[PDB]
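Please read the structure below before turning to the comments.
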Amino acid sequence: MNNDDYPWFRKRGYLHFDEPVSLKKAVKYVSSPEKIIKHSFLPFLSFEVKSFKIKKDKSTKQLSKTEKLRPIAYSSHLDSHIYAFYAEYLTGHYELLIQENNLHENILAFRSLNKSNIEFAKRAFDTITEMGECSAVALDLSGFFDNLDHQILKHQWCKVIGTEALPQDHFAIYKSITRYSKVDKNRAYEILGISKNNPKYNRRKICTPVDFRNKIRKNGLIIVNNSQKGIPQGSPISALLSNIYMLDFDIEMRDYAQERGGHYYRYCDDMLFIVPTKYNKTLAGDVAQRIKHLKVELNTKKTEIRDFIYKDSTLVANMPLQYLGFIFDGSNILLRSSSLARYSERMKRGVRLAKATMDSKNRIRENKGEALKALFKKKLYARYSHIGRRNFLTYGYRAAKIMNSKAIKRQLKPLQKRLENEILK
DNA sequence: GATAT
RNA sequence: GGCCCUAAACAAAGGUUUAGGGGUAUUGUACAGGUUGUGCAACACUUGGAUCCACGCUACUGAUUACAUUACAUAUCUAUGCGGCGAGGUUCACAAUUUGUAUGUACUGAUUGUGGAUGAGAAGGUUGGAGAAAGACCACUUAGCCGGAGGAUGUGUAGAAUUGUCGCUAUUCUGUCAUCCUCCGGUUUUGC
Ligand SMILES: [K+]
Ligand SMILES: [Mg+2]
């Protein structure tokens, strides 16, 4: 068989409770609804992604940093092929309801639009440019994937497929994705005696089925979502279900913005309203009142309101608007400062590791009577300078080309000499 | 490998 | 202890409890069973040509049958750019001669062959194993940025820059020029 006829099939790289399968067995298995009705779903494996925000106070320069935790849960190989196949089925029915309601340009994330974040941010900044004096209201949903109510998700799933109730294979998948069960990966590796430093060594699955049934389940390692809300982040079906859940609210928010002569955009849980200035104080309370039917809440700490006025002939914002990795002040478009900061930390760690490897092999050349060598820097230039083809600078120059910004080019210009000075440091 | 959530 | 199957009990719910069983890597050969023709063929489906013939092709079923071979998500960009040349040796363990001896044996240096490892374009540490050695394997670990203003100093449409090195490409820069110092402002804007 050929993968090109079956776009849902992807081979995945992690270890789980079962082994990777071939295209022939996946295609024969997932196409039978009786197999889906009789399937034995394995638990998800789970861990937390760690993130830090550092924010010194600008009055007295005191340290403050906050740890942020994102719970992540990923499914087994055969389960991941079942979810990908049914997400492929649900996407075609979802896109027809997108085209019916003219929502094609409002809903941005997780759709195969052949567009990136640069084009979405460019479209938002061109709307403010055409609209003139206006306000941008930015809203964020609080705990989006963890707070989806299961009955609302079931009702939205029946409308997309167009039935009164879910069929049996769809209902089995809905049961597995809502009342899900998960096993903590570190506890499983501790109990089974698997090294956290090298797990794929002389094994192709985490354990035997006897070892699963005796050591995993009887030790209490399976934790079941018995609350009435939440779906796991890390399944192949979850992002589509997050788009399906929000559809009627997207229709209502497009109508609300269009009544007032404005525009509406949503990228996952990130929402942008571009409205005339007289509505900008009411808007967050109107959106907080109409989203209570979805049982999800706005994160009121993350609300940002910006205002654009003409100063001379140039449109000027009172503070710059951040949107999808870019900064816009009314005329100029810049990259986020945190993306350039992240590039700087990655570059410095790479150069420091290259110097450590240089020192390590120079000791060996001294021991065996060979002449010392300098720093090899093909890989450093491929990773961290413009000669590379798949790095941060190709993204930056691509963004400077698309958005027509000399300011992005002036941001990217000192990065060559900083890499050279870090090498000479 | 790079970007957005 | 979630999930699936079987059986029972209470009843009729997209049910609860008890008891027992289970978790399909890959590619083939046997073996076992269905549906059917007249013991031993035949088996699926999209599609084409005139029920029949043919192409594509998951080829009646087998995880619950044997045997054997082979080895974090979604969307987007792109797939450490490609190709020559370094390389003579060094090290470790055996084996065969000969180098100096004692009595073929017991030592000792060097030449000659076979096998492990290694230079090559940066994946770091440890008195930790294994090992004949290994640069390999196993075990345990590993304020910053952006915008603006003032200065001080240098400098100028073809040329410059970029990997151990060369070639073919490719990308970036070129007076709102570069490095460094000072001041002001921003950073709900960092997915292990
Ligand atoms: K080369
Ligand atoms: Mg926001």
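The way I read the labels, and the way they are meant: chains A, B, ... in the order of the structure tokens, residue 1 as the first residue of every chain, and ligand 1 as the first ligand shown, with later ones counted on from there.
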Can you tell me which residues come within 12 Å of ligand 2 when counting only C-alpha atoms (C1' of nucleotides) and all ligand atoms, ideally as JSON, numbers by chain?
-> {"A": [136, 137, 138, 139, 140, 141, 142, 266, 267, 268, 269, 270, 271, 272, 273, 298, 299, 300, 301, 302, 303, 304, 305, 321, 322, 323, 324, 325], "B": [5], "C": [188, 189]}
Surroundings of ligand 1 up to 12 Å, based on only C-alpha atoms (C1' of nucleotides) and all ligand atoms, as a list in words |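 Using only C-alpha atoms (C1' of nucleotides) and all ligand atoms, I find these residues within 12 Å of ligand 1: residues 378 of chain A; 80, 81, 82, 83, 84, 85, 86, 120, 121, 163, 164, 165, 166 and 167 of chain C.
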Selection near residue 3 of chain B, 8 Å with only C-alpha atoms (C1' of nucleotides), sequence-local residues under 5 positions removed, as a VMD selection string | (chain A and resid 116 to 117 395) or (chain C and resid 76)
For the residues selected in the previous step, produce a file with N, CA and C atoms (P, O5', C5', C4', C3', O3' and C1' of nucleotides) as a PDB file, in the first residue's frame.
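Result went into out36.pdb, see below:
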ATOM      1  N   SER A 116       0.004  30.346   7.385  1.00  0.00           N
ATOM      2  CA  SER A 116       0.743  30.328   8.640  1.00  0.00           C
ATOM      3  C   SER A 116       0.317  31.513   9.495  1.00  0.00           C
ATOM      4  N   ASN A 117       0.983  31.663  10.646  1.00  0.00           N
ATOM      5  CA  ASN A 117       0.690  32.754  11.577  1.00  0.00           C
ATOM      6  C   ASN A 117       1.024  34.129  11.001  1.00  0.00           C
ATOM      7  N   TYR A 395      12.662  31.827   9.097  1.00  0.00           N
ATOM      8  CA  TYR A 395      11.350  32.304   9.530  1.00  0.00           C
ATOM      9  C   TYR A 395      11.297  33.822   9.585  1.00  0.00           C
TER      10      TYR A 395
ATOM     11  P     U C  76      -1.429  22.385   6.728  1.00  0.00           P
ATOM     12  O5'   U C  76      -0.207  23.399   6.844  1.00  0.00           O
ATOM     13  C5'   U C  76      -0.349  24.749   6.435  1.00  0.00           C
ATOM     14  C4'   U C  76       0.817  25.612   6.856  1.00  0.00           C
ATOM     15  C3'   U C  76       2.154  25.342   6.192  1.00  0.00           C
ATOM     16  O3'   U C  76       2.241  25.863   4.877  1.00  0.00           O
ATOM     17  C1'   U C  76       2.465  25.739   8.512  1.00  0.00           C
TER      18        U C  76
END
All residues 12 Å or closer to residue 35 of chain C, only C-alpha atoms (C1' of nucleotides), same chain fewer than 4 positions away omitted, as a ChimeraX atom specification = /C:42-43,60-61
Residues near segment 152-159 of chain C, cut-off 8 Å, only C-alpha atoms (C1' of nucleotides), skip fewer than 6 positions along chain, as a ChimeraX atom specification | /C:177-178,181
Grab the residues selected above and save them as a PDB file, in the first residue's frame with N, CA and C atoms (P, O5', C5', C4', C3', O3' and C1' of nucleotides).
ATOM      1  P     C C 177      21.987  53.738   8.908  1.00  0.00           P
ATOM      2  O5'   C C 177      23.353  53.371   8.179  1.00  0.00           O
ATOM      3  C5'   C C 177      23.496  52.123   7.516  1.00  0.00           C
ATOM      4  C4'   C C 177      24.861  51.510   7.717  1.00  0.00           C
ATOM      5  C3'   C C 177      25.222  51.059   9.121  1.00  0.00           C
ATOM      6  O3'   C C 177      24.627  49.833   9.508  1.00  0.00           O
ATOM      7  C1'   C C 177      27.058  52.200   8.162  1.00  0.00           C
ATOM      8  P     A C 178      24.335  49.540  11.063  1.00  0.00           P
ATOM      9  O5'   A C 178      25.747  49.102  11.657  1.00  0.00           O
ATOM     10  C5'   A C 178      26.416  47.943  11.183  1.00  0.00           C
ATOM     11  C4'   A C 178      27.842  47.892  11.667  1.00  0.00           C
ATOM     12  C3'   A C 178      28.036  47.897  13.173  1.00  0.00           C
ATOM     13  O3'   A C 178      27.855  46.617  13.751  1.00  0.00           O
ATOM     14  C1'   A C 178      29.528  49.439  12.177  1.00  0.00           C
ATOM     15  P     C C 181      29.347  48.400  26.294  1.00  0.00           P
ATOM     16  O5'   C C 181      29.318  49.927  26.769  1.00  0.00           O
ATOM     17  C5'   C C 181      30.346  50.470  27.588  1.00  0.00           C
ATOM     18  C4'   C C 181      30.172  51.956  27.801  1.00  0.00           C
ATOM     19  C3'   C C 181      28.854  52.397  28.418  1.00  0.00           C
ATOM     20  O3'   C C 181      28.820  52.231  29.826  1.00  0.00           O
ATOM     21  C1'   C C 181      29.386  53.809  26.585  1.00  0.00           C
TER      22        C C 181
END
From a DSSP pass on the backbone, collect the residues of segment 223-343 of chain A flagged as helix (DSSP H, G or I) and hand them back as a PyMOL selection string.
-> chain A and resi 238-245+247-259+277-279+283-290+300-302+337-343
List as a Markdown table every residue of chain A that is in contact with chain B, defined as an atom at most 12 Å from one of its atoms (using only C-alpha atoms (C1' of nucleotides)), together with the nearest atom pair and the distance in Å rounded to one decimal, sorted by chain and then rising number.
| residue | atom | partner | partner_atom | distance |
| --- | --- | --- | --- | --- |
| A:108 | CA | B:5 | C1' | 10.4 |
| A:109 | CA | B:5 | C1' | 7.6 |
| A:110 | CA | B:5 | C1' | 9.2 |
| A:115 | CA | B:4 | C1' | 11.1 |
| A:116 | CA | B:4 | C1' | 7.8 |
| A:117 | CA | B:4 | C1' | 5.7 |
| A:118 | CA | B:3 | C1' | 8.8 |
| A:119 | CA | B:4 | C1' | 11.2 |
| A:120 | CA | B:4 | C1' | 9.9 |
| A:121 | CA | B:4 | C1' | 10.2 |
| A:140 | CA | B:5 | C1' | 10.9 |
| A:141 | CA | B:5 | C1' | 11.5 |
| A:144 | CA | B:5 | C1' | 10.8 |
| A:145 | CA | B:5 | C1' | 11.5 |
| A:233 | CA | B:5 | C1' | 11.8 |
| A:239 | CA | B:5 | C1' | 10.1 |
| A:242 | CA | B:5 | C1' | 11.7 |
| A:266 | CA | B:5 | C1' | 10.4 |
| A:267 | CA | B:5 | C1' | 6.8 |
| A:268 | CA | B:5 | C1' | 5.8 |
| A:269 | CA | B:5 | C1' | 7.2 |
| A:270 | CA | B:5 | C1' | 7.6 |
| A:271 | CA | B:5 | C1' | 11.1 |
| A:323 | CA | B:4 | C1' | 9.8 |
| A:324 | CA | B:4 | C1' | 6.0 |
| A:325 | CA | B:4 | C1' | 7.3 |
| A:326 | CA | B:4 | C1' | 10.6 |
| A:335 | CA | B:3 | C1' | 11.5 |
| A:336 | CA | B:3 | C1' | 11.8 |
| A:339 | CA | B:3 | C1' | 9.7 |
| A:343 | CA | B:2 | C1' | 10.4 |
| A:379 | CA | B:1 | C1' | 11.8 |
| A:382 | CA | B:1 | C1' | 9.9 |
| A:383 | CA | B:1 | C1' | 7.9 |
| A:384 | CA | B:1 | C1' | 10.7 |
| A:388 | CA | B:1 | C1' | 9.7 |
| A:389 | CA | B:1 | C1' | 8.8 |
| A:390 | CA | B:1 | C1' | 5.4 |
| A:391 | CA | B:2 | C1' | 4.6 |
| A:392 | CA | B:2 | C1' | 5.1 |
| A:393 | CA | B:2 | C1' | 8.3 |
| A:394 | CA | B:2 | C1' | 7.7 |
| A:395 | CA | B:2 | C1' | 6.5 |
| A:396 | CA | B:2 | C1' | 9.6 |
| A:397 | CA | B:2 | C1' | 11.9 |
| A:398 | CA | B:3 | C1' | 11.0 |
| A:399 | CA | B:3 | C1' | 10.2 |
For residue 74 of chain A: contacts at 8 Å, only C-alpha atoms (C1' of nucleotides), fewer than 2 positions along chain excluded, given as a ChimeraX atom specification | /A:44-46,72,76,232-235 /C:72-73
Suppose we keep N, CA and C atoms (P, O5', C5', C4', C3', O3' and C1' of nucleotides); can you now write the selection as a PDB file, in the first residue's frame?
ATOM      1  N   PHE A  44      -4.136   6.578  28.463  1.00  0.00           N
ATOM      2  CA  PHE A  44      -3.168   7.570  28.021  1.00  0.00           C
ATOM      3  C   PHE A  44      -1.939   7.554  28.925  1.00  0.00           C
ATOM      4  N   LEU A  45      -0.794   7.921  28.365  1.00  0.00           N
ATOM      5  CA  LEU A  45       0.381   8.235  29.164  1.00  0.00           C
ATOM      6  C   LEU A  45       0.473   9.743  29.350  1.00  0.00           C
ATOM      7  N   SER A  46       0.871  10.175  30.546  1.00  0.00           N
ATOM      8  CA  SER A  46       0.756  11.587  30.879  1.00  0.00           C
ATOM      9  C   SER A  46       2.009  12.127  31.556  1.00  0.00           C
ATOM     10  N   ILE A  72      -0.358  17.162  29.816  1.00  0.00           N
ATOM     11  CA  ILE A  72      -0.281  16.592  28.477  1.00  0.00           C
ATOM     12  C   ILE A  72      -0.571  15.100  28.584  1.00  0.00           C
ATOM     13  N   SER A  76      -2.031   5.515  22.759  1.00  0.00           N
ATOM     14  CA  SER A  76      -1.297   4.414  22.150  1.00  0.00           C
ATOM     15  C   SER A  76      -1.446   4.434  20.630  1.00  0.00           C
ATOM     16  N   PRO A 232      -8.456  15.313  26.894  1.00  0.00           N
ATOM     17  CA  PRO A 232      -6.986  15.368  26.981  1.00  0.00           C
ATOM     18  C   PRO A 232      -6.344  16.144  25.837  1.00  0.00           C
ATOM     19  N   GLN A 233      -5.305  16.910  26.174  1.00  0.00           N
ATOM     20  CA  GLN A 233      -4.426  17.521  25.183  1.00  0.00           C
ATOM     21  C   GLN A 233      -3.358  16.517  24.772  1.00  0.00           C
ATOM     22  N   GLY A 234      -3.240  16.255  23.476  1.00  0.00           N
ATOM     23  CA  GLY A 234      -2.273  15.293  22.975  1.00  0.00           C
ATOM     24  C   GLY A 234      -2.875  14.151  22.194  1.00  0.00           C
ATOM     25  N   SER A 235      -4.175  14.062  22.102  1.00  0.00           N
ATOM     26  CA  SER A 235      -4.819  13.125  21.206  1.00  0.00           C
ATOM     27  C   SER A 235      -4.864  13.718  19.799  1.00  0.00           C
TER      28      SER A 235
ATOM     29  P     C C  72       7.853  13.717  22.527  1.00  0.00           P
ATOM     30  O5'   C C  72       6.287  13.970  22.427  1.00  0.00           O
ATOM     31  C5'   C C  72       5.368  12.908  22.602  1.00  0.00           C
ATOM     32  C4'   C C  72       3.946  13.405  22.626  1.00  0.00           C
ATOM     33  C3'   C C  72       3.461  14.134  21.388  1.00  0.00           C
ATOM     34  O3'   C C  72       3.116  13.274  20.319  1.00  0.00           O
ATOM     35  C1'   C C  72       2.773  15.303  23.317  1.00  0.00           C
ATOM     36  P     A C  73       3.141  13.814  18.811  1.00  0.00           P
ATOM     37  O5'   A C  73       1.763  14.594  18.650  1.00  0.00           O
ATOM     38  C5'   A C  73       0.516  13.932  18.809  1.00  0.00           C
ATOM     39  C4'   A C  73      -0.611  14.920  18.955  1.00  0.00           C
ATOM     40  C3'   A C  73      -0.876  15.797  17.748  1.00  0.00           C
ATOM     41  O3'   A C  73      -1.656  15.137  16.770  1.00  0.00           O
ATOM     42  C1'   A C  73      -0.879  17.117  19.714  1.00  0.00           C
TER      43        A C  73
END
Using only C-alpha atoms (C1' of nucleotides), which of A:94, A:83, A:264, A:47 sits nearest chain C?
->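 Among A:94, A:83, A:264, A:47, it is A:47 that comes nearest to chain C.
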So that each row is one residue of chain C with an atom at most 10 Å from chain A, can you give its shortest atom pair and the distance in Å to one decimal, using only C-alpha atoms (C1' of nucleotides), rows by chain and rising number, as CSV?
residue,atom,partner,partner_atom,distance
C:1,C1',A:217,CA,6.7
C:2,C1',A:181,CA,5.7
C:3,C1',A:41,CA,5.0
C:4,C1',A:40,CA,4.6
C:5,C1',A:38,CA,8.5
C:14,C1',A:171,CA,8.2
C:22,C1',A:209,CA,8.6
C:23,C1',A:209,CA,6.0
C:24,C1',A:25,CA,8.9
C:25,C1',A:19,CA,5.6
C:26,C1',A:22,CA,8.3
C:57,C1',A:1,CA,9.8
C:58,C1',A:28,CA,5.8
C:72,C1',A:234,CA,5.1
C:73,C1',A:234,CA,4.0
C:74,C1',A:110,CA,5.3
C:75,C1',A:110,CA,4.7
C:76,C1',A:116,CA,4.9
C:77,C1',A:395,CA,7.7
C:78,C1',A:390,CA,6.2
C:79,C1',A:390,CA,9.0
C:80,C1',A:379,CA,5.2
C:81,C1',A:389,CA,8.0
C:90,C1',A:368,CA,8.3
C:91,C1',A:368,CA,9.2
C:119,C1',A:370,CA,9.3
C:121,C1',A:376,CA,5.7
C:122,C1',A:354,CA,5.5
C:123,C1',A:357,CA,8.0
C:124,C1',A:356,CA,5.8
C:125,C1',A:360,CA,9.8
C:135,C1',A:364,CA,7.5
C:138,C1',A:201,CA,9.6
C:139,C1',A:195,CA,8.8
C:140,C1',A:197,CA,8.7
C:141,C1',A:197,CA,9.1
C:143,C1',A:63,CA,8.9
C:144,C1',A:341,CA,6.6
C:145,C1',A:341,CA,4.4
C:146,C1',A:337,CA,4.9
C:147,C1',A:334,CA,9.6
C:162,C1',A:387,CA,6.6
C:163,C1',A:378,CA,4.3
C:164,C1',A:376,CA,8.1
C:170,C1',A:387,CA,7.8
C:171,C1',A:387,CA,5.5
C:172,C1',A:386,CA,6.5
C:173,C1',A:413,CA,8.4
C:186,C1',A:320,CA,9.1
C:187,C1',A:337,CA,7.0
C:188,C1',A:302,CA,4.9
C:189,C1',A:338,CA,6.0
C:190,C1',A:338,CA,5.7
C:191,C1',A:49,CA,6.6
C:192,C1',A:49,CA,4.4
For C-alpha atoms (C1' of nucleotides), I'd like the residues from the last selection saved as a PDB file, in the first residue's frame.
ATOM      1  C1'   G C   1      -9.821  -0.732  40.130  1.00  0.00           C
ATOM      2  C1'   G C   2     -10.512   2.416  33.877  1.00  0.00           C
ATOM      3  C1'   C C   3     -11.470  -0.535  28.566  1.00  0.00           C
ATOM      4  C1'   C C   4     -13.197  -5.318  25.785  1.00  0.00           C
ATOM      5  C1'   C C   5     -15.360 -10.542  25.938  1.00  0.00           C
ATOM      6  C1'   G C  14     -26.612   4.634  25.829  1.00  0.00           C
ATOM      7  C1'   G C  22      -7.743 -10.768  27.519  1.00  0.00           C
ATOM      8  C1'   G C  23      -4.424  -6.429  25.256  1.00  0.00           C
ATOM      9  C1'   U C  24      -3.053  -8.294  17.323  1.00  0.00           C
ATOM     10  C1'   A C  25       5.350  -5.681  15.845  1.00  0.00           C
ATOM     11  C1'   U C  26       6.748  -7.926  10.180  1.00  0.00           C
ATOM     12  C1'   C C  57      -6.138  -5.348  -5.419  1.00  0.00           C
ATOM     13  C1'   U C  58      -6.929  -4.803   2.321  1.00  0.00           C
ATOM     14  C1'   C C  72       2.773  15.303  23.317  1.00  0.00           C
ATOM     15  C1'   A C  73      -0.879  17.117  19.714  1.00  0.00           C
ATOM     16  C1'   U C  74      -2.903  20.093  15.285  1.00  0.00           C
ATOM     17  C1'   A C  75      -1.760  23.502  11.419  1.00  0.00           C
ATOM     18  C1'   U C  76       2.465  25.739   8.512  1.00  0.00           C
ATOM     19  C1'   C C  77       7.789  26.231   6.418  1.00  0.00           C
ATOM     20  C1'   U C  78      11.325  22.631   4.866  1.00  0.00           C
ATOM     21  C1'   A C  79      13.207  17.838   4.057  1.00  0.00           C
ATOM     22  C1'   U C  80      23.423  20.441   9.374  1.00  0.00           C
ATOM     23  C1'   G C  81      22.039  21.895   0.774  1.00  0.00           C
ATOM     24  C1'   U C  90      47.967   4.549  15.772  1.00  0.00           C
ATOM     25  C1'   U C  91      46.080   1.155  19.500  1.00  0.00           C
ATOM     26  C1'   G C 119      41.506  10.300  12.804  1.00  0.00           C
ATOM     27  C1'   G C 121      34.481  18.456  10.736  1.00  0.00           C
ATOM     28  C1'   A C 122      31.789  18.899  17.615  1.00  0.00           C
ATOM     29  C1'   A C 123      26.139  14.844  22.328  1.00  0.00           C
ATOM     30  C1'   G C 124      29.356  17.451  27.820  1.00  0.00           C
ATOM     31  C1'   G C 125      30.722  14.839  32.922  1.00  0.00           C
ATOM     32  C1'   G C 135      36.683   8.419  21.030  1.00  0.00           C
ATOM     33  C1'   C C 138      25.340   0.049  29.673  1.00  0.00           C
ATOM     34  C1'   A C 139      24.159   2.841  34.679  1.00  0.00           C
ATOM     35  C1'   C C 140      23.676   7.659  36.998  1.00  0.00           C
ATOM     36  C1'   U C 141      23.793  12.722  35.714  1.00  0.00           C
ATOM     37  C1'   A C 143      18.719  38.823  34.531  1.00  0.00           C
ATOM     38  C1'   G C 144      17.878  37.927  29.249  1.00  0.00           C
ATOM     39  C1'   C C 145      15.543  40.303  24.840  1.00  0.00           C
ATOM     40  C1'   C C 146      13.314  44.545  21.933  1.00  0.00           C
ATOM     41  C1'   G C 147      12.335  49.958  20.678  1.00  0.00           C
ATOM     42  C1'   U C 162      29.524  32.248   5.123  1.00  0.00           C
ATOM     43  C1'   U C 163      31.597  25.205   6.603  1.00  0.00           C
ATOM     44  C1'   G C 164      38.599  21.022   7.639  1.00  0.00           C
ATOM     45  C1'   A C 170      22.223  28.933  -1.776  1.00  0.00           C
ATOM     46  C1'   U C 171      21.423  32.998   1.655  1.00  0.00           C
ATOM     47  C1'   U C 172      22.643  37.808   3.965  1.00  0.00           C
ATOM     48  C1'   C C 173      24.757  42.971   3.874  1.00  0.00           C
ATOM     49  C1'   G C 186       8.449  48.117  26.887  1.00  0.00           C
ATOM     50  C1'   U C 187       8.431  42.732  27.887  1.00  0.00           C
ATOM     51  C1'   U C 188      -0.433  38.427  29.781  1.00  0.00           C
ATOM     52  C1'   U C 189       4.939  38.445  24.855  1.00  0.00           C
ATOM     53  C1'   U C 190       9.127  31.805  25.916  1.00  0.00           C
ATOM     54  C1'   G C 191       4.637  24.388  24.849  1.00  0.00           C
ATOM     55  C1'   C C 192       9.381  19.488  29.409  1.00  0.00           C
TER      56        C C 192
END
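The two atoms in question, atom CA of residue 308 of chain A and atom CA of residue 246 of chain A, are spaced 29.5 Å apart.
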DSSP strand (DSSP E or B) selection over segment 76-274 of chain A, as a PyMOL selection string | chain A and resi 107+134-142+149+181-184+222-224+229+233+235+263-267+270-274
Any idea what's packed within 12 Å of residue 20 of chain C, counting only C-alpha atoms (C1' of nucleotides), ignoring anything in its chain fewer than 6 positions away? Could you give it as a list in words?
->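 Counting only C-alpha atoms (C1' of nucleotides), the residues come to residues 5, 6, 7 and 8 of chain C.
Between atom CA of residue 193 of chain A and atom CA of residue 211 of chain A the separation is 11.6 Å.
Between atom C1' of residue 134 of chain C and atom CA of residue 363 of chain A the interatomic distance comes to 15.3 Å.
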